[PDB]
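**Q** Quick one: the structure is below, and I'll ask about it shortly.
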Amino acid sequence: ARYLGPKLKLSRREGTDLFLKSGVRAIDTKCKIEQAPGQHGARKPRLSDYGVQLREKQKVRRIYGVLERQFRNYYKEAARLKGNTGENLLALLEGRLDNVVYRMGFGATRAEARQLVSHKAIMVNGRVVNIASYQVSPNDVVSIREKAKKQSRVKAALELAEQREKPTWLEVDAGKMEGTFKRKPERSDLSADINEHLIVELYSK
Amino acid sequence: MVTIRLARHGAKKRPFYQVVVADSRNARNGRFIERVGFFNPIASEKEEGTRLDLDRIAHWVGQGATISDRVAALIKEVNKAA
Amino acid sequence: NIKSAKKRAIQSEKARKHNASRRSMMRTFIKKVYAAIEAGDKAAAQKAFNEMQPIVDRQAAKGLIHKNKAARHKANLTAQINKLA
Amino acid sequence: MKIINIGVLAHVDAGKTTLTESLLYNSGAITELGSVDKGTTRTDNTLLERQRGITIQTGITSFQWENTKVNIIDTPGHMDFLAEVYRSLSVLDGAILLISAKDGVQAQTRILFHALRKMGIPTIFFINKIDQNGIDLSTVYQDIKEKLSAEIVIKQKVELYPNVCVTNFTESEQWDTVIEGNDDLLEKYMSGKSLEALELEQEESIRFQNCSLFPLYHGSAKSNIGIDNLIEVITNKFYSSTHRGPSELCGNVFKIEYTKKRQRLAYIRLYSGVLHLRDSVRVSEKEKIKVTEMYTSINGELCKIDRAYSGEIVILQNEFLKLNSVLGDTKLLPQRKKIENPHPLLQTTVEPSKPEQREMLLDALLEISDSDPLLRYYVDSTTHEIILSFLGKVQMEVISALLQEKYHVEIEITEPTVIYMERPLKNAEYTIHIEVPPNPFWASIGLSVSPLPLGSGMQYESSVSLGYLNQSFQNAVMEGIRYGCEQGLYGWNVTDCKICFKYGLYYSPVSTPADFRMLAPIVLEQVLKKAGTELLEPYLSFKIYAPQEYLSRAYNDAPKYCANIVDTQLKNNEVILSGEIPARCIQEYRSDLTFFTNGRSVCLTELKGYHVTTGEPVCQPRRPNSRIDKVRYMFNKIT
RNA sequence: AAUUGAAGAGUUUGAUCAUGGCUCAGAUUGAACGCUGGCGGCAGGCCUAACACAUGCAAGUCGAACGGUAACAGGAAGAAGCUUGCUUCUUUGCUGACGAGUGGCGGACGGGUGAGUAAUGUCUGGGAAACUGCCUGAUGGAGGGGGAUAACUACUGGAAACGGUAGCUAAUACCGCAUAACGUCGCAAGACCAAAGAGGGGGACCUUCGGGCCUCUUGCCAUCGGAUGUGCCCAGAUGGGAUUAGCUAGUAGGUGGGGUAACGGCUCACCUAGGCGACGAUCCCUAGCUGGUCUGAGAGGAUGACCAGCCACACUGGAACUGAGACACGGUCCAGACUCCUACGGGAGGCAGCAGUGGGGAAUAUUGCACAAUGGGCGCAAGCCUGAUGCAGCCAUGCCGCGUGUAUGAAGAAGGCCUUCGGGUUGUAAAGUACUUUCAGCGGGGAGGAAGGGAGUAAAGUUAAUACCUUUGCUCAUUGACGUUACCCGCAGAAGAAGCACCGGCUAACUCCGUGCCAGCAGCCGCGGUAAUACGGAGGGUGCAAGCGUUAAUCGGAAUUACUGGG
């Protein structure tokens with residue numbers, strides 16, 4: 001399921017930042033960003049009309065790690081939802097349990113937050129959840145179990161969240177590792193950089 | 001002979017019985033006159049327990065139908081004074 | 001095919017002999033009534049109809065008759081014997 | 001519990017397998033026909049077996065005596081395809097060869113008797129056909145000592161006459177020399193004095209495990225004297241069955257036959273443990289393979305059984321079963337084996353009859369591979385001529401008889417591919433021309449083949465200087481020259497090639513690397529025409545062993561054989577000599593040692609030395625070649 | 001709140017514009033093949049041969065219907081050993097119960113198949129000339145007798161299968177009689193028609209001591225009902241072909257008789273000379289129907305495999321009986337084919353029931369466990385039976401979820417590849433370092449599917465009765481195939497777990513070397529006769545992920561069958 005490959009190399013393929021290596025350190029600039037995605041990344045792409053869509057779809061996937069088949073289920077689930085599809089697709093991907101744990105600063109890179117969920121550390125609403133695809137409910141109170149609490153690695157990872165913008169739609173207790181999701185995020189709050197409209201066009205055909 | 005009986009459905013290892021009026025010669029999953037309520041033994045204590053429409057059942061008791069012993073226990077579980 | 005329930009076959013054989021014997025003796029009493037109509041003897045037709053009335057209704061209780069075919073013998077056949085009368 | 005399987009080494013058509021059918025009457029009945037003279041049941045099994053006077057392959061039948069199981073099978077000693085009988089030695093460690101009463105044991109049986117020593121399991125001689133005139137009641141039995149080459153002695157002996165004593169013996173005073181070899185028995189001999197013969201039966205029981213000497217036996221089964229009491233010794237003399245049941249079960253396949261009512265049944269003995277019916281088990285394929293059905297092979301009729309005992313052997317159906325496949329895994333046994341020492345015993349064609357019905361006969365050839373494992377075949381020839389690995393004369397009749405019954409096809413072939421390797425007679429100038437005189441392609445080169453010593457093979461060198469030689473296009477010239485070595489003008493394969501290419505003018509705008517490859521083949525068929533043709537045939541050496549007394553009769557075969565004389569050296573009574581004769585006539589050499597040798601003949605050889613050359617006419621095998629590009633243009637070169 | 005929905009590109013030509021086919025991007029399947037492959041949950045799994053079938057099993061049950069006892073367990077008269085009441089042990093249907101046998105019910109349901117079927121079928125909405133065991137409402141009856149037969153004995157035919165004759169005996173078996181009505185027939189008068197008793201308990205009374213009698217429960221007989229189920233009638237809708245245009249003689253209608261539970265040429269007798277057909281009759285080819293599934297904006301096109309309804313079929317063909325219901329999967333009788341048995345006189349066999357075997361085919365399963373649960377059959381009930389059902393085992397077949405690690409980590413090394421040999425790329429990748437342990441492995445805890453039912457007790461009903469019984473509270477002992485479960489805790493160790501296609505355009509992603517229109521790729525255009533970005537290999541990258549491609553069927557794109565929507 002997981003790509004488990006060179007995560008930092010994938011950022012240069014998109015030319016921006018997939019945050020697959022947010023790191024305890026801040027900005028990287030050790031991989032030569034943008035100019036060298038690969039051996040023949042010096043070439044200037046023709047950038048086909050089909051390419052901008054596929055370049056946007058793989059970009060949103062790798063930031064979340066969602067597989068292509070599972071990702072298509074989010075698009076069918078978002079078409080039936082009320083309102084514009086453009087917001088509904090990013091909202092359900094924000095509804096994943098591994099992502100909300102990442103918003104709380106629990107773990108550094110997103111790959112760590114997924115495995116943190118996998119080892120029965122997360123316990124939302126007083127019930128442990130292993131699956132990272134879990135659909136978080138409004139007004140949930142996720143919190144790590146006391147046996148997995150403050151296990152060294154978890155403590156230093158929270159320091160990175162202080163430099164993070166920190167979502168307004170959720171808040172962590174910090175003094176006891178107790179997060180609390182509330183309202184579904186607005187499109188203005190999340191992202192405001194990726195072109196979610198491009199993704200729908202790829203599944204429009 | 002018409003009779004009220006559970007029809008037994010749901011996912012595997014997830015029983016979900018369907019109380020329904022049907023002649024005995026019919027299959028358990030076969031033809032039935034009409035459904036009336038449902039029984040969820042694995043539901044436990046929550047917002048839902050075991051709905052049971054006694055009003056239509058009170059009509060079939062006079063039609064000669066023979067309630068099964070499983071449905072007969074549901075007539076007691078729904079009680080009258082309780 | 002070997003079966004523990006083969007007794008239903010031999011008993012149906014044992015039953016059909018006694019059952020047809022009652023159906024055969026009754027119909028011969030019925031064909032006798034038709035001979036009285038062709039003879040033109042309206043008086044003998046009334047007597048033969050009386051001979052069969054107790055036995056033909058009796059079979060209907062036994063299930064040999066669906067107590068509807070026997071009524072037809074008490075219907076159209078009665079319409080013949082009295083028309084000659 | 002169980003019992004070891006009895007042998008059946010009826011070598012030289014000893015009919016000792018027909019004596020096994022008498023053993024089924026002794027173990028009978030309580031309900032059986034008792035067998036009959038000729039064929040006759042006796043577990044005949046397949047059709048057209050007893051009608052031939054001998055079975056096509058070794059059989060098996062259920063039996064018991066002395067409150068013990070006594071399986072056995074025979075004979076496999078006919079012919080001719082005796083290697084198949086070598087696969088039955090794995091079926092049981094026992095032996096019971098029937099030496100002939102005429103001049104001792106037959107020499108062909110001595111080859112199967114010497115093969116029993118390699119098995120490492122005990123065996124015993126038996127006086128088959130004792131009730132007959134000319135029998136060696138005191139003279140021919142001594143010939144079994146000279147042929148056994150050991151110190152085996154009979155446990156009893158008599159001469160008749162109507163009498164057939166057996167228990168009255170045996171080996172008084174002098175007998176017991178095998179005990180002298182035992183470390184314990186040799187110490188009792190130092191004490192002296194008379195002792196009970198049962199006391200020496202314990203030391204003989206140790207030597208019996210090493211199979212140091214054949215157990216005694218006498219009396220023809222036809223006379224019905226000693227053919228039953230001697231069978232009691234097989235029960236005690238035979239080694240006890242390795243019963244266990246501790247698991248895990250293990251075994252290996254032994255033999256199988258494609259019965260018409262089968263249609264398949266790969267029987268195999270259980271080396272250890274036991275297999276429950278309708279249960280999966282391990283195999284050599286590395287997958288699950290339950291035995292859906294299995295039954296013991298009773299002599300009177302097949303019989304099902306819910307589970308085989310440990311050490312038992314019984315047929316069982318399966319979807320697949322590779323030969324010698326582990327029932328475990330895995331069996332842990334080791335022994336020597338060979339197909340009578342012959343990689344190919346005179347291959348013979350067998351092209352099926354009919355332009356289409358012959359093709360279905362090819363599939364029956366896969367059915368010959370389901371039968372005896374010592375069998376092989378492949379359509380290496382361009383005509384797809386059959387080339388079966390089976391050998392022997394009478395053994396071929398079973399493969400031909402099988403075609404008249406198991407299938408509906410037949411063929412007659414024997415000469416095989418000629419195997420010619422024609423070479424050019426001398427080197428001569430040649431050239432493909434220049435420009436467009438001319439025909440495609442415009443690219444050309446001047447081939448200049450030259451003579452070479454025999455067996456040197458094909459050769460070529462890039463004489464042209466760069467860049468006209470072409471760093472890449474020049475290689476097609478060699479690959480195209482190889483196309484002309486597939487056949488000469490007479491269709492014989494190219495040999496002694498030496499085409500040193502030289503001149504090669506070519507135009508660049510229209511030249512292609514296939515253009516040079518095409519003109520290159522014409523340089524080899526034109527330069528081969530100046531060769532005038534030179535036919536040659538292989539002449540591999542063929543060493544053979546013959547008895548010295550018959551060795552003088554083998555020199556007469558030399559004048560008829562095309563081979564020339566070669567060095568050889570005697571080896572005691574055995575003799576041998578290093579021959580070297582051509583393969584076209586080498587297949588007939590086997591017939592010569594089967595007659596002049598008197599059955600002692602033996603030989604072996606392998607192909608070697610491409611040089612040969614012989615008359616007459618220089619005939620060649622067509623045709624070469626077709627289904628290739630630009631082939632019709634080579635006909636224009638003839639005129 | 002409940003369909004908010006319609007995309008296109010390549011390729012005719014030196015170039016273009018239309019017309020016009022092909023082909024690709026989409027979703028999808030009861031798929032196969034090729035390569036790879038750790039686990040879990042939920043489904044599906046013979047679409048080819050309606051081909052033939054070894055073996056097991058798939059429908060039995062009631063002693064509270066009856067004669068009985070063949071076994072087993074108790075009791076009793078009686079017996080033998082001997083620790084004379086400890087043991088041995090013959091009799092005995094006297095009890096608990098139970099083979100065979102009679103009789104009641106089921107076997108027409110459940111389960112499978114799509115051969116047959118273009119309408120005798122089904123769907124949709126109506127219709128009257130019907131039937132309906134079991135279940136149930138209402139009103140009455142339930143009186144009194146006779147004669148046989150299985151089992152069982154004697155004898156006997158036959159190898160078996162399986163009987164024959166002569167005798168004994170019961171019933172809720174059969175059969176006259178008495179008795180009947182709003183029932184049946186008839187305009188009416190009148191005529192005629194049914195049965196069965198058992199089980200539990202008991203005060204007085206009555207006992208030829210078989211029991212009567214009182215009472216409860218259940219069964220039986222008749223009528224009118226109720227529901228359910230089935231048959232029958234019509235209209236409309238429900239495949240292809242006109243290179244099938246005439247078809248029909250019980251054929252159309254009438255009349256009478258017979259026939260069916262019931263209408264009807266449903267069938268005989270006679271009479272009439274009609275009937276159906278271009279809004280497609282007969283014939284020919286094909287097909288189980290439909291709710292639905294897939295695709296599509298919709299209209300529709302394909303299909304209908306699983307799930308569910310009806311129908312057809314049960315080796316082939318045909319026929320009838322038993323019964324409320326069959327003109328009949330695990331019934332009978334017969335012809336025939338195909339197998340097997342024989343003592344060769346004569347019988348046995350029908351897996352399109354679940355497994356399984358051979359054969360066919362590209363291709364699809366275990367001769368599993370349990371009636372714990374539901375349902376059906378029988379029984380008052382307990383229980384028995386159930387290849388239905390509940391599961392388990394097998395296969396990546398499909399969907400879905402998860403893991404195969406995470407963070408740090410530059411000398412930006414070794415190796416590989418590329419080069420203008422300056423270097424770049426592989427590459428935070430690996431090693432190193434710091435942590436974590438899901439799932440597997442291993443060792444302990446452990447839900448839930450279970451309601452009942454049995455015993456016991458109290459009370460309310462019933463009743464002469466504090467007895468029985470019915471019903472409701474209540475106590476004790478309990479009922480799990482799955483199942484070494486779900487799930488949880490604990491243990492060790494980054495430990496056991498990543499492949500496949502593609503990289504000329506369409507279509508996201510490249511160089512180098514080898515082979516020179518050779519070898520080969522290909523869905524369309526088409527490449528290779530040159531350091532081929534289209535071959536082969538390697539480097540790199542992309543796509544996707546326990547799957548990835550290929551092939552096939554179907555739809556959309558295709559407004560190239562346009563009804564919506566073309567000439």
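Quick note on naming: the chains in the structure tokens go A, B, ... in the order shown, residues restart at 1 in each chain, and ligands are numbered from 1 in order of appearance.
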Considering only C-alpha atoms (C1' of nucleotides), return as number ranges by chain whatever protein or nucleic-acid residues lie within 12 Å of residue E:310, sequence-local ones (same chain, fewer than 2 positions apart) excluded.
**A** B: 31; E: 121-123, 288-291, 308, 312
**Q** Which neighbours of residue A:128 fall inside 10 Å, counting only C-alpha atoms (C1' of nucleotides), when residues of the same chain fewer than 4 positions from it are skipped, and could you give them as a list in words?
**A**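 With the cut-off at 10 Å, the set is residues 117, 118, 119, 120, 121, 122, 123, 124, 142, 143, 144 and 145 of chain A.
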**Q** Produce a table with one row for each residue of chain D that has an atom at most 10 Å from any atom of chain E, each row naming the nearest atom pair and its distance in Å at one decimal; use only C-alpha atoms (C1' of nucleotides); arrange rows by chain and rising residue number; format as JSON lines.
**A**
```
{"residue": "D:261", "atom": "CA", "partner": "E:358", "partner_atom": "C1'", "distance": 10.0}
{"residue": "D:262", "atom": "CA", "partner": "E:358", "partner_atom": "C1'", "distance": 9.2}
{"residue": "D:263", "atom": "CA", "partner": "E:358", "partner_atom": "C1'", "distance": 8.5}
{"residue": "D:277", "atom": "CA", "partner": "E:367", "partner_atom": "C1'", "distance": 9.7}
{"residue": "D:278", "atom": "CA", "partner": "E:367", "partner_atom": "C1'", "distance": 6.9}
{"residue": "D:279", "atom": "CA", "partner": "E:367", "partner_atom": "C1'", "distance": 9.9}
{"residue": "D:292", "atom": "CA", "partner": "E:367", "partner_atom": "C1'", "distance": 8.1}
{"residue": "D:293", "atom": "CA", "partner": "E:357", "partner_atom": "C1'", "distance": 9.4}
{"residue": "D:472", "atom": "CA", "partner": "E:516", "partner_atom": "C1'", "distance": 7.3}
{"residue": "D:473", "atom": "CA", "partner": "E:516", "partner_atom": "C1'", "distance": 6.7}
{"residue": "D:475", "atom": "CA", "partner": "E:516", "partner_atom": "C1'", "distance": 9.9}
{"residue": "D:476", "atom": "CA", "partner": "E:518", "partner_atom": "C1'", "distance": 7.8}
{"residue": "D:479", "atom": "CA", "partner": "E:518", "partner_atom": "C1'", "distance": 9.3}
{"residue": "D:480", "atom": "CA", "partner": "E:518", "partner_atom": "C1'", "distance": 9.7}
{"residue": "D:509", "atom": "CA", "partner": "E:529", "partner_atom": "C1'", "distance": 9.5}
{"residue": "D:510", "atom": "CA", "partner": "E:529", "partner_atom": "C1'", "distance": 7.9}
{"residue": "D:511", "atom": "CA", "partner": "E:529", "partner_atom": "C1'", "distance": 7.2}
{"residue": "D:512", "atom": "CA", "partner": "E:529", "partner_atom": "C1'", "distance": 4.7}
{"residue": "D:513", "atom": "CA", "partner": "E:516", "partner_atom": "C1'", "distance": 5.4}
{"residue": "D:514", "atom": "CA", "partner": "E:518", "partner_atom": "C1'", "distance": 6.0}
{"residue": "D:515", "atom": "CA", "partner": "E:529", "partner_atom": "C1'", "distance": 8.6}
{"residue": "D:517", "atom": "CA", "partner": "E:518", "partner_atom": "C1'", "distance": 8.4}
```
**Q** Hey, can you check how far atom CA of residue D:100 sits from atom CA of residue D:204?
**A** 25.5 Å
**Q** Interatomic distance between atom CA of residue B:17 and atom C1' of residue E:112?
**A**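 Atom-to-atom, atom CA of residue B:17 to atom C1' of residue E:112, that is 26.2 Å.
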